[PDB]
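data-v1.tsv (TSV, C-alpha atoms and all ligand atoms) appears below.
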```tsv
chain	number	residue	atom	x	y	z
A	1	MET	CA	44.37	68.42	-23.39
A	2	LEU	CA	46.65	70.78	-25.25
A	3	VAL	CA	44.02	73.18	-26.61
A	4	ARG	CA	45.16	75.70	-29.22
A	5	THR	CA	43.68	77.98	-31.81
A	6	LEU	CA	43.80	77.00	-35.46
A	7	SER	CA	45.33	79.03	-38.26
A	8	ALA	CA	43.08	80.47	-40.94
A	9	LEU	CA	44.23	77.72	-43.33
A	10	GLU	CA	43.55	74.96	-40.73
A	11	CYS	CA	39.99	76.30	-40.36
A	12	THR	CA	39.41	76.02	-44.09
A	13	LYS	CA	40.58	72.36	-44.02
A	14	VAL	CA	38.06	71.44	-41.36
A	15	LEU	CA	35.20	73.17	-43.27
A	16	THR	CA	36.24	71.65	-46.57
A	17	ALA	CA	36.47	68.14	-45.14
A	18	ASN	CA	33.14	68.04	-43.36
A	19	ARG	CA	29.49	68.01	-44.48
A	20	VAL	CA	27.43	68.70	-41.40
A	21	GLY	CA	27.31	71.71	-39.19
A	22	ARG	CA	24.99	73.41	-36.73
A	23	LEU	CA	23.47	76.62	-38.00
A	24	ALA	CA	22.28	79.31	-35.64
A	25	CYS	CA	20.05	82.25	-36.45
A	26	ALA	CA	18.18	84.71	-34.21
A	27	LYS	CA	15.06	86.82	-33.85
A	28	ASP	CA	14.49	89.48	-31.20
A	29	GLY	CA	17.45	88.18	-29.14
A	30	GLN	CA	16.27	84.54	-29.26
A	31	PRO	CA	18.63	82.11	-30.94
A	32	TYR	CA	17.62	79.05	-32.89
A	33	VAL	CA	20.05	76.29	-33.81
A	34	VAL	CA	19.56	73.22	-36.04
A	35	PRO	CA	21.75	70.73	-37.86
A	36	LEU	CA	22.40	71.28	-41.56
A	37	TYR	CA	24.24	69.53	-44.37
A	38	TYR	CA	26.47	71.90	-46.35
A	39	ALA	CA	28.98	71.90	-49.20
A	40	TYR	CA	32.00	74.24	-48.98
A	41	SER	CA	33.16	76.35	-51.96
A	42	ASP	CA	34.73	79.75	-52.51
A	43	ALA	CA	34.37	80.90	-48.80
A	44	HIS	CA	30.74	79.97	-48.76
A	45	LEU	CA	28.77	77.15	-47.27
A	46	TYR	CA	26.01	75.99	-49.66
A	47	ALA	CA	22.88	74.25	-48.54
A	48	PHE	CA	19.25	73.46	-49.36
A	49	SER	CA	16.22	73.78	-47.12
A	50	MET	CA	12.46	73.36	-47.32
A	51	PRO	CA	10.46	76.43	-46.27
A	52	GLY	CA	10.27	76.93	-42.51
A	53	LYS	CA	11.41	78.71	-39.35
A	54	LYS	CA	15.11	78.96	-40.02
A	55	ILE	CA	14.54	80.31	-43.53
A	56	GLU	CA	11.97	82.82	-42.25
A	57	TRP	CA	14.33	84.00	-39.47
A	58	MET	CA	17.35	84.32	-41.78
A	59	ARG	CA	15.31	86.20	-44.39
A	60	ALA	CA	14.53	88.75	-41.68
A	61	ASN	CA	18.00	88.71	-39.96
A	62	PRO	CA	20.78	87.36	-42.12
A	63	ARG	CA	23.39	87.21	-39.27
A	64	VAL	CA	24.27	83.60	-38.51
A	65	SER	CA	26.86	81.40	-36.85
A	66	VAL	CA	27.86	77.89	-37.99
A	67	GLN	CA	29.80	75.32	-36.00
A	68	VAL	CA	31.58	72.35	-37.56
A	69	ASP	CA	33.77	69.76	-35.93
A	70	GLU	CA	35.53	66.47	-36.40
A	71	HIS	CA	37.28	63.81	-34.37
A	72	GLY	CA	40.98	63.38	-34.33
A	73	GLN	CA	43.07	60.88	-32.42
A	74	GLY	CA	41.93	59.37	-29.12
A	75	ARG	CA	39.70	61.98	-27.46
A	76	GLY	CA	41.09	64.66	-29.85
A	77	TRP	CA	38.96	67.03	-31.94
A	78	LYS	CA	38.98	70.10	-34.18
A	79	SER	CA	36.15	72.63	-34.22
A	80	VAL	CA	35.47	75.71	-36.38
A	81	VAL	CA	33.07	78.57	-35.74
A	82	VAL	CA	31.96	80.68	-38.70
A	83	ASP	CA	30.31	84.02	-38.37
A	84	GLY	CA	28.34	84.49	-41.44
A	85	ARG	CA	25.73	86.08	-43.56
A	86	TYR	CA	22.75	84.20	-45.09
A	87	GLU	CA	22.34	84.81	-48.87
A	88	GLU	CA	19.33	83.22	-50.52
A	89	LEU	CA	19.99	82.05	-54.06
A	90	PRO	CA	16.75	82.48	-56.01
A	91	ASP	CA	15.92	80.02	-58.75
A	92	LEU	CA	17.09	82.28	-61.57
A	93	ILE	CA	19.45	81.42	-64.40
A	94	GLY	CA	22.36	83.30	-62.82
A	95	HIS	CA	22.34	80.76	-59.93
A	96	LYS	CA	21.45	77.66	-61.95
A	97	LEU	CA	24.97	76.30	-62.28
A	98	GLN	CA	25.59	76.89	-58.52
A	99	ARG	CA	22.29	75.16	-57.85
A	100	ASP	CA	23.01	72.20	-60.11
A	101	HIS	CA	26.52	71.74	-58.67
A	102	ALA	CA	25.37	72.00	-55.05
A	103	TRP	CA	22.39	69.71	-55.61
A	104	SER	CA	24.52	66.97	-57.15
A	105	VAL	CA	26.77	66.96	-54.04
A	106	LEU	CA	23.95	67.33	-51.52
A	107	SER	CA	21.24	65.33	-53.33
A	108	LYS	CA	22.11	62.08	-51.55
A	109	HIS	CA	22.35	63.82	-48.12
A	110	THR	CA	19.08	65.64	-48.78
A	111	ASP	CA	17.43	62.24	-48.92
A	112	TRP	CA	18.36	61.88	-45.23
A	113	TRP	CA	16.27	64.84	-43.90
A	114	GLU	CA	13.78	65.88	-46.62
A	115	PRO	CA	10.24	64.84	-45.54
A	116	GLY	CA	8.44	62.73	-48.15
A	117	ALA	CA	4.90	63.47	-49.35
A	118	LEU	CA	2.42	61.87	-46.88
A	119	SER	CA	15.48	71.13	-56.00
A	120	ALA	CA	12.31	72.95	-57.16
A	121	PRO	CA	10.32	73.77	-53.93
A	122	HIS	CA	13.66	73.89	-52.19
A	123	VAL	CA	15.21	77.03	-50.93
A	124	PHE	CA	18.85	77.10	-52.05
A	125	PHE	CA	21.16	79.38	-50.08
A	126	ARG	CA	24.67	80.07	-48.96
A	127	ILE	CA	26.37	81.27	-45.84
A	128	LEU	CA	29.14	83.75	-46.65
A	129	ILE	CA	32.00	83.17	-44.25
A	130	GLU	CA	32.92	86.58	-42.85
A	131	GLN	CA	34.85	85.65	-39.69
A	132	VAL	CA	36.18	82.18	-38.83
A	133	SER	CA	37.94	80.77	-35.78
A	134	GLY	CA	39.15	77.27	-34.93
A	135	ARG	CA	40.18	75.23	-31.90
A	136	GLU	CA	41.89	71.87	-31.52
A	137	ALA	CA	42.18	69.63	-28.45
A	138	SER	CA	45.07	67.13	-28.42
B	1	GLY	CA	12.31	61.10	-48.98
B	2	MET	CA	12.45	60.55	-45.23
B	3	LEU	CA	9.53	59.80	-43.00
B	4	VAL	CA	9.74	62.68	-40.53
B	5	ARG	CA	7.60	63.45	-37.53
B	6	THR	CA	7.42	65.78	-34.64
B	7	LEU	CA	8.29	64.29	-31.24
B	8	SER	CA	6.26	64.73	-28.09
B	9	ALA	CA	7.80	66.71	-25.21
B	10	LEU	CA	8.24	63.42	-23.30
B	11	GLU	CA	10.06	61.94	-26.28
B	12	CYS	CA	12.33	65.02	-26.22
B	13	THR	CA	13.24	64.46	-22.57
B	14	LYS	CA	14.35	60.90	-23.40
B	15	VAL	CA	16.72	62.22	-26.12
B	16	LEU	CA	18.08	64.84	-23.76
B	17	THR	CA	18.81	62.20	-21.08
B	18	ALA	CA	20.35	59.75	-23.50
B	19	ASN	CA	22.98	62.21	-24.81
B	20	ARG	CA	25.67	64.34	-23.22
B	21	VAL	CA	26.78	66.63	-26.13
B	22	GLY	CA	24.81	69.58	-27.52
B	23	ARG	CA	25.39	72.78	-29.43
B	24	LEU	CA	24.61	75.93	-27.48
B	25	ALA	CA	23.75	79.13	-29.30
B	26	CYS	CA	23.72	82.55	-27.68
B	27	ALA	CA	23.35	85.98	-29.30
B	28	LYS	CA	24.47	89.57	-28.92
B	29	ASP	CA	22.78	92.33	-30.85
B	30	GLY	CA	21.28	89.88	-33.41
B	31	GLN	CA	24.56	88.01	-34.05
B	32	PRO	CA	24.46	84.35	-33.03
B	33	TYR	CA	27.36	82.36	-31.66
B	34	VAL	CA	27.29	78.51	-31.49
B	35	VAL	CA	29.69	76.16	-29.74
B	36	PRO	CA	29.68	72.51	-28.55
B	37	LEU	CA	28.82	71.86	-24.92
B	38	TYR	CA	28.64	68.89	-22.60
B	39	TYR	CA	25.47	69.01	-20.43
B	40	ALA	CA	23.59	66.95	-17.83
B	41	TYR	CA	19.80	67.06	-18.11
B	42	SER	CA	17.73	67.22	-14.94
B	43	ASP	CA	14.10	68.16	-14.41
B	44	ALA	CA	13.40	71.50	-16.11
B	45	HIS	CA	17.06	72.27	-16.88
B	46	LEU	CA	20.30	71.51	-18.72
B	47	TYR	CA	23.35	71.80	-16.45
B	48	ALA	CA	26.86	72.55	-17.57
B	49	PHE	CA	30.28	73.81	-16.57
B	50	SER	CA	32.42	76.33	-18.40
B	51	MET	CA	35.48	78.43	-18.08
B	52	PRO	CA	35.08	82.16	-18.28
B	53	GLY	CA	34.87	83.43	-21.83
B	54	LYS	CA	32.75	84.65	-24.70
B	55	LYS	CA	29.72	82.39	-24.37
B	56	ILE	CA	29.43	83.13	-20.63
B	57	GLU	CA	29.82	86.86	-21.22
B	58	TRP	CA	27.19	86.85	-23.95
B	59	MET	CA	24.72	84.82	-21.93
B	60	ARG	CA	25.13	87.12	-18.92
B	61	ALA	CA	24.06	90.01	-21.15
B	62	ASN	CA	21.31	88.06	-22.95
B	63	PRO	CA	20.09	84.88	-21.22
B	64	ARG	CA	18.04	83.74	-24.27
B	65	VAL	CA	19.67	80.62	-25.76
B	66	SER	CA	19.00	77.61	-27.92
B	67	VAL	CA	20.49	74.17	-27.46
B	68	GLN	CA	20.40	71.42	-30.06
B	69	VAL	CA	20.94	67.70	-29.43
B	70	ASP	CA	20.66	64.74	-31.75
B	71	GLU	CA	21.34	61.01	-31.94
B	72	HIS	CA	21.42	58.35	-34.72
B	73	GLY	CA	18.51	55.97	-35.37
B	74	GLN	CA	18.14	52.89	-37.56
B	75	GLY	CA	20.12	53.30	-40.77
B	76	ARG	CA	19.95	56.90	-41.98
B	77	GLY	CA	17.36	57.74	-39.30
B	78	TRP	CA	17.83	60.21	-36.46
B	79	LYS	CA	16.16	62.13	-33.66
B	80	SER	CA	16.83	65.76	-32.88
B	81	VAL	CA	15.80	68.06	-30.01
B	82	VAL	CA	15.94	71.86	-29.81
B	83	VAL	CA	15.58	73.65	-26.48
B	84	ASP	CA	14.58	77.33	-26.33
B	85	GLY	CA	16.12	78.26	-23.03
B	86	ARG	CA	17.10	80.84	-20.48
B	87	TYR	CA	20.62	80.93	-18.96
B	88	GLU	CA	20.93	81.02	-15.23
B	89	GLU	CA	24.28	81.26	-13.58
B	90	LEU	CA	24.67	79.20	-10.39
B	91	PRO	CA	26.93	80.50	-7.62
B	92	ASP	CA	28.42	77.91	-5.36
B	93	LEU	CA	25.68	77.88	-2.70
B	94	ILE	CA	24.19	75.08	-0.62
B	95	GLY	CA	20.85	75.18	-2.46
B	96	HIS	CA	22.62	74.29	-5.76
B	97	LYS	CA	25.27	71.92	-4.38
B	98	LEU	CA	23.37	68.70	-5.12
B	99	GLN	CA	22.64	69.91	-8.67
B	100	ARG	CA	26.36	70.73	-9.08
B	101	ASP	CA	27.60	67.50	-7.55
B	102	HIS	CA	25.20	65.38	-9.60
B	103	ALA	CA	26.11	67.27	-12.81
B	104	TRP	CA	29.84	66.79	-12.17
B	105	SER	CA	29.34	63.07	-11.47
B	106	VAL	CA	27.75	62.82	-14.95
B	107	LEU	CA	30.30	65.10	-16.71
B	108	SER	CA	33.69	64.91	-14.90
B	109	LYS	CA	35.38	62.53	-17.40
B	110	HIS	CA	33.96	64.42	-20.42
B	111	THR	CA	35.39	67.72	-19.00
B	112	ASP	CA	38.89	66.26	-19.41
B	113	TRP	CA	38.29	66.22	-23.20
B	114	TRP	CA	37.89	70.05	-23.67
B	115	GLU	CA	39.86	71.14	-20.50
B	116	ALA	CA	40.71	79.42	-12.31
B	117	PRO	CA	36.99	79.50	-11.65
B	118	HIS	CA	34.62	77.07	-13.29
B	119	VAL	CA	31.33	78.75	-14.04
B	120	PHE	CA	28.47	76.40	-13.23
B	121	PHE	CA	25.17	77.12	-14.92
B	122	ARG	CA	21.87	75.85	-16.08
B	123	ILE	CA	19.52	76.46	-18.96
B	124	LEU	CA	15.84	76.58	-18.05
B	125	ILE	CA	13.88	74.85	-20.75
B	126	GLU	CA	11.18	77.34	-21.92
B	127	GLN	CA	10.14	75.37	-25.01
B	128	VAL	CA	11.39	72.07	-26.29
B	129	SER	CA	10.76	70.52	-29.66
B	130	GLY	CA	11.88	67.45	-31.53
B	131	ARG	CA	12.07	65.71	-34.84
B	132	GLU	CA	12.50	62.07	-35.80
B	133	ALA	CA	13.37	60.88	-39.32
B	134	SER	CA	12.93	57.29	-40.46
B	135	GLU	CA	13.91	55.83	-43.79
C	1	LIG	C1	22.27	65.55	-39.87
C	1	LIG	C2	21.10	66.36	-40.34
C	1	LIG	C3	21.29	67.18	-41.48
C	1	LIG	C4	20.26	68.04	-41.88
C	1	LIG	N1	20.43	68.83	-43.02
C	1	LIG	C5	19.41	69.71	-43.37
C	1	LIG	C6	19.51	70.54	-44.48
C	1	LIG	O1	20.58	70.61	-45.07
C	1	LIG	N2	18.47	71.41	-44.82
C	1	LIG	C7	17.31	71.46	-44.10
C	1	LIG	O2	16.42	72.28	-44.39
C	1	LIG	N3	17.21	70.67	-42.96
C	1	LIG	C8	18.23	69.80	-42.62
C	1	LIG	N4	18.07	68.98	-41.52
C	1	LIG	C9	16.79	69.14	-40.77
C	1	LIG	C10	16.84	70.46	-39.98
C	1	LIG	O3	17.68	70.31	-38.88
C	1	LIG	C11	15.44	70.89	-39.51
C	1	LIG	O4	14.89	69.90	-38.67
C	1	LIG	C12	14.49	71.17	-40.67
C	1	LIG	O5	15.14	71.85	-41.73
C	1	LIG	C13	13.31	71.96	-40.18
C	1	LIG	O6	13.74	73.21	-39.65
C	1	LIG	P1	12.76	74.45	-39.78
C	1	LIG	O7	13.37	75.61	-39.09
C	1	LIG	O8	12.32	74.67	-41.23
C	1	LIG	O9	11.57	73.93	-38.86
C	1	LIG	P2	9.95	74.11	-39.09
C	1	LIG	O10	9.53	73.01	-40.06
C	1	LIG	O11	9.67	75.51	-39.49
C	1	LIG	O12	9.41	73.79	-37.60
C	1	LIG	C14	9.65	74.69	-36.55
C	1	LIG	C15	9.53	73.88	-35.27
C	1	LIG	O13	10.17	72.62	-35.39
C	1	LIG	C16	11.27	72.49	-34.50
C	1	LIG	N5	12.45	71.83	-35.16
C	1	LIG	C17	12.87	71.95	-36.47
C	1	LIG	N6	13.97	71.18	-36.65
C	1	LIG	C18	14.26	70.57	-35.48
C	1	LIG	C19	15.26	69.71	-35.11
C	1	LIG	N7	16.26	69.38	-35.93
C	1	LIG	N8	15.27	69.25	-33.82
C	1	LIG	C20	14.31	69.64	-32.93
C	1	LIG	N9	13.32	70.52	-33.28
C	1	LIG	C21	13.31	70.96	-34.54
C	1	LIG	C22	11.56	73.91	-34.03
C	1	LIG	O14	12.18	74.04	-32.75
C	1	LIG	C23	10.18	74.53	-34.07
C	1	LIG	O15	9.42	74.17	-32.94
C	1	LIG	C24	19.07	68.10	-41.13
C	1	LIG	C25	18.91	67.29	-39.99
C	1	LIG	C26	19.92	66.40	-39.59
C	1	LIG	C27	19.83	65.67	-38.26
C	2	LIG	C1	32.61	67.57	-27.68
C	2	LIG	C2	33.03	68.85	-26.98
C	2	LIG	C3	32.49	69.14	-25.73
C	2	LIG	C4	32.75	70.37	-25.13
C	2	LIG	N1	32.22	70.63	-23.87
C	2	LIG	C5	32.46	71.87	-23.26
C	2	LIG	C6	31.93	72.19	-22.01
C	2	LIG	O1	31.13	71.43	-21.47
C	2	LIG	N2	32.21	73.44	-21.44
C	2	LIG	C7	32.97	74.40	-22.10
C	2	LIG	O2	33.22	75.49	-21.60
C	2	LIG	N3	33.52	74.09	-23.33
C	2	LIG	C8	33.25	72.84	-23.91
C	2	LIG	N4	33.82	72.56	-25.13
C	2	LIG	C9	34.63	73.71	-25.73
C	2	LIG	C10	33.71	74.82	-26.29
C	2	LIG	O3	33.10	74.35	-27.48
C	2	LIG	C11	34.45	76.13	-26.56
C	2	LIG	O4	35.43	75.95	-27.58
C	2	LIG	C12	35.13	76.71	-25.29
C	2	LIG	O5	34.24	76.69	-24.16
C	2	LIG	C13	35.58	78.14	-25.51
C	2	LIG	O6	34.40	78.88	-25.72
C	2	LIG	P1	34.34	80.42	-25.33
C	2	LIG	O7	33.01	80.91	-25.72
C	2	LIG	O8	34.62	80.59	-23.83
C	2	LIG	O9	35.50	81.04	-26.21
C	2	LIG	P2	36.68	82.08	-25.79
C	2	LIG	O10	37.74	81.35	-25.00
C	2	LIG	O11	36.00	83.25	-25.10
C	2	LIG	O12	37.20	82.41	-27.29
C	2	LIG	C14	36.36	83.03	-28.24
C	2	LIG	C15	37.00	82.84	-29.60
C	2	LIG	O13	37.35	81.46	-29.84
C	2	LIG	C16	36.46	80.91	-30.80
C	2	LIG	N5	35.97	79.59	-30.32
C	2	LIG	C17	35.54	79.24	-29.07
C	2	LIG	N6	35.19	77.92	-29.07
C	2	LIG	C18	35.39	77.43	-30.31
C	2	LIG	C19	35.18	76.17	-30.89
C	2	LIG	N7	34.56	75.16	-30.26
C	2	LIG	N8	35.50	76.02	-32.21
C	2	LIG	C20	35.99	77.08	-32.96
C	2	LIG	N9	36.17	78.31	-32.39
C	2	LIG	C21	35.88	78.48	-31.09
C	2	LIG	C22	35.34	81.94	-31.00
C	2	LIG	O14	34.69	81.88	-32.27
C	2	LIG	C23	36.07	83.25	-30.73
C	2	LIG	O15	36.84	83.68	-31.85
C	2	LIG	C24	33.57	71.33	-25.76
C	2	LIG	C25	34.10	71.03	-27.02
C	2	LIG	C26	33.84	69.81	-27.63
C	2	LIG	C27	34.38	69.58	-29.02
C	3	CL	CL	24.53	58.61	-31.48
```
Taking this structure as input, can you express it in the form of structure tokens?
Amino acid sequence: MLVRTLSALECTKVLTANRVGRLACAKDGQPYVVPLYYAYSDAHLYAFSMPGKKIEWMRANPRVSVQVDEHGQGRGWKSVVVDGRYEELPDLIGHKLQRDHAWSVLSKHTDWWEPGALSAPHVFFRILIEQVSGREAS
Amino acid sequence: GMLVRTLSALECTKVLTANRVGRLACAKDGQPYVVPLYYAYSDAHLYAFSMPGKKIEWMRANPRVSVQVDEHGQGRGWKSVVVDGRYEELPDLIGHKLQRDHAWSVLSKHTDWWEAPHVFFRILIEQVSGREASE
């Protein structure tokens, strides 16, 4: 496999094109990584969560990493790693349009992880992309 | 609204055996770093090979890691496992040769797909958890 690093613009294309990543957070040196659906816009990754461990850990330590990848041709692939900052988006009017937009894109996907009983109680947030790197195998 | 439940530890081992790709997260000074990784699960441990580089350097400094694995279910369903783990680097010694040889026999073709020394290592599973979602 030719493996090479991706340009900044190639990294953006991978993030833009995909909807699922793995999000890692940490507490006291211990990482924690889970899958997450996101929507890319404006050098942020937007997402919804129910309350829980990852939200608690990111509230206390907003340093995160996100990994996103896709297939190419044959055994080919492209992968991006984002080093980021968690920013919670409280349910206030200044974030309502962001919330409405994100929810409309993620609403369907949210039906694929959100536990049923037996975007109101949801935590809406974004990951600000501070550093980004990419790799491709041909 | 998915039907979601927690898996037993036994159910988690079955997911780990049935899959060969995970995401490995390590950390340095509070900053996580997550990359894809091919692994072979065996007894208390995930085994993998790597070239020298950032993840290996970070794990040498801080052995605390997390590994996430998932697979599809019926329809929109899925199962996911998260391992809270401790990195242990494995020199090429007789006591680890069977572990290495077995791991390579499971992963040798896959290694072609990402590409002098290999570093051979394992992650000791300290906690494991899982989730299953059904439509
Ligand atoms: C493809 C896909 C997309 C998803 N998208 C989202 C999303 O956008 N937003 C969202 O909030 N969740 C999403 N999930 C579910 C997410 O991965 C978590 O399972 C869920 O959010 C609960 O995480 P938590 O930290 O709140 O766990 P808590 O409810 O606080 O539970 C903590 C315990 O559960 C375990 N645990 C939690 N999740 C998993 C898991 N995935 N696998 C194994 N163990 C787990 C932890 O290790 C720990 O033991 C998605 C899942 C899949 C497979
Ligand atoms: C399905 C699949 C299976 C893989 N299996 C293995 C395996 O078993 N063993 C193994 O060593 N590697 C595997 N890889 C490659 C792995 O994900 C890393 O890209 C590679 O090991 C280099 O990691 P490093 O920490 O040594 O980075 P270094 O060579 O030390 O480089 C660090 C820099 O490159 C960036 N970087 C590293 N990896 C990636 C990536 N995946 N995507 C975007 N940026 C990246 C970092 O963010 C940082 O900027 C696999 C990849 C895929 C897609
Ligand atoms: Cl699968």
Mind dumping a table of every chain B residue within 6 Å of ligand LIG 1 (chain C), with the nearest atom pair and its distance in Å to one decimal, using all atoms listed in the file, sorted by chain and rising number, as CSV?
```
residue,atom,partner,partner_atom,distance
B:80,CA,C:LIG1,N8,3.9
B:81,CA,C:LIG1,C20,3.6
B:82,CA,C:LIG1,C20,4.2
B:129,CA,C:LIG1,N9,4.4
B:130,CA,C:LIG1,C20,3.6
B:131,CA,C:LIG1,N8,4.9
```
Please, could you write that set of residues out with C-alpha atoms as a compact mmCIF listing (two decimals), in the frame of the given file?
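Output file result.txt is given in full below:
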```
# COMPACT_ATOMS: atom_id res chain seq x y z
CA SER B 80 16.83 65.76 -32.88
CA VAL B 81 15.80 68.06 -30.01
CA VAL B 82 15.94 71.86 -29.81
CA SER B 129 10.76 70.52 -29.66
CA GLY B 130 11.88 67.45 -31.53
CA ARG B 131 12.07 65.71 -34.84
```
Practice task
Let me have all residues with an atom within 9 Å of ligand LIG 2 (chain C), counting all atoms listed in the file, laid out as a ChimeraX atom specification.
Solution key: /A:5-6,11,67-71,76-83,131-137 /B:20-24,33-39,48-58,107,110-111,113-115,118-119
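Once residue B:87 and its same-chain neighbours fewer than 4 positions away are set aside, residues 26, 45, 46, 47, 56, 59, 60, 61, 62, 63, 64, 65, 66, 121, 122, 123, 124 and 125 of chain B remain within 10 Å of it when counting all atoms listed in the file.
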Exercise for the section: Select the residues contacting ligand CL 3 (chain C) at a distance of at most 9 Å, based on all atoms listed in the file, then format the selection as a ChimeraX atom specification. Expected result: /B:19,70-73,78
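Note that the spacing between atom CA of residue A:3 and atom CA of residue B:29 amounts to 28.9 Å.
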Mind checking which residues fall within 10 Å of stretch 8-11 of chain B, counting all atoms listed in the file, ignoring those fewer than 2 positions away in the same chain, and posting them as a tab-separated table (two decimals) with C-alpha atoms, in the frame of the given file?
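The resulting file, result.tsv, is reproduced below:
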```
chain	number	residue	atom	x	y	z
B	5	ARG	CA	7.60	63.45	-37.53
B	6	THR	CA	7.42	65.78	-34.64
B	13	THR	CA	13.24	64.46	-22.57
B	14	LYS	CA	14.35	60.90	-23.40
B	15	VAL	CA	16.72	62.22	-26.12
B	16	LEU	CA	18.08	64.84	-23.76
B	79	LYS	CA	16.16	62.13	-33.66
B	81	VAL	CA	15.80	68.06	-30.01
B	127	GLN	CA	10.14	75.37	-25.01
B	128	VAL	CA	11.39	72.07	-26.29
B	129	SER	CA	10.76	70.52	-29.66
B	130	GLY	CA	11.88	67.45	-31.53
B	131	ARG	CA	12.07	65.71	-34.84
B	132	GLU	CA	12.50	62.07	-35.80
```
Practice task
For residue B:97, list every protein, DNA or RNA residue within 12 Å, evaluated using all atoms listed in the file, and leave out those in the same chain fewer than 6 positions away; present the list as JSON, numbers by chain.
Solution key: {"B": [90, 91, 103, 104, 120, 121]}
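Put simply, atom CA of residue A:33 is 20.2 Å away from atom CA of residue A:106.
Considering all atoms listed in the file, the residue among A:36, A:128, A:120, A:64 positioned nearest to chain B is A:64.
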Can you tell me, as a PDB file with C-alpha atoms, in the frame of the given file, what residues are no more than 9 Å from residue A:41 when counting all atoms listed in the file, ignoring any on the same chain fewer than 4 positions away?
```pdb
ATOM      1  CA  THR A  16      36.240  71.650 -46.570  1.00  0.00           C
ATOM      2  CA  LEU A  45      28.770  77.150 -47.270  1.00  0.00           C
ATOM      3  CA  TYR A  46      26.010  75.990 -49.660  1.00  0.00           C
TER       4      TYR A  46
END
```
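Nearest to residue A:114 of all the residues B:86, B:100, B:76, B:28 is B:76, based on all atoms listed in the file.
With only C-alpha atoms as the basis for measurement, A:121 is the residue among A:99, A:65, A:121, A:39 that approaches residue A:52 most closely.
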Practice task
Select residues of chain A: the criterion is any atom within 7 Å of an atom of chain B, counting only C-alpha atoms; output as an MDAnalysis selection string.
Solution key: chainID A and resid 1 24:27 29:34 63:67 75 111:116 137
Using only C-alpha atoms, please write the residues we just selected to a file, as a CSV table (one decimal), in the frame of the given file.
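Okay, part-v7.csv is ready:
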```csv
chain,number,residue,atom,x,y,z
A,1,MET,CA,44.4,68.4,-23.4
A,24,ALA,CA,22.3,79.3,-35.6
A,25,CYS,CA,20.0,82.2,-36.4
A,26,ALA,CA,18.2,84.7,-34.2
A,27,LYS,CA,15.1,86.8,-33.8
A,29,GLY,CA,17.4,88.2,-29.1
A,30,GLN,CA,16.3,84.5,-29.3
A,31,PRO,CA,18.6,82.1,-30.9
A,32,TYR,CA,17.6,79.0,-32.9
A,33,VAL,CA,20.0,76.3,-33.8
A,34,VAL,CA,19.6,73.2,-36.0
A,63,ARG,CA,23.4,87.2,-39.3
A,64,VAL,CA,24.3,83.6,-38.5
A,65,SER,CA,26.9,81.4,-36.8
A,66,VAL,CA,27.9,77.9,-38.0
A,67,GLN,CA,29.8,75.3,-36.0
A,75,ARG,CA,39.7,62.0,-27.5
A,111,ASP,CA,17.4,62.2,-48.9
A,112,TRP,CA,18.4,61.9,-45.2
A,113,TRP,CA,16.3,64.8,-43.9
A,114,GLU,CA,13.8,65.9,-46.6
A,115,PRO,CA,10.2,64.8,-45.5
A,116,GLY,CA,8.4,62.7,-48.2
A,137,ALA,CA,42.2,69.6,-28.4
```
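The space separating atom CA of residue B:102 from atom CA of residue B:117 comes to 18.5 Å.
Taking all atoms listed in the file into account, residue A:129 lies nearest to A:86 out of the set A:86, A:103, A:48, A:57.
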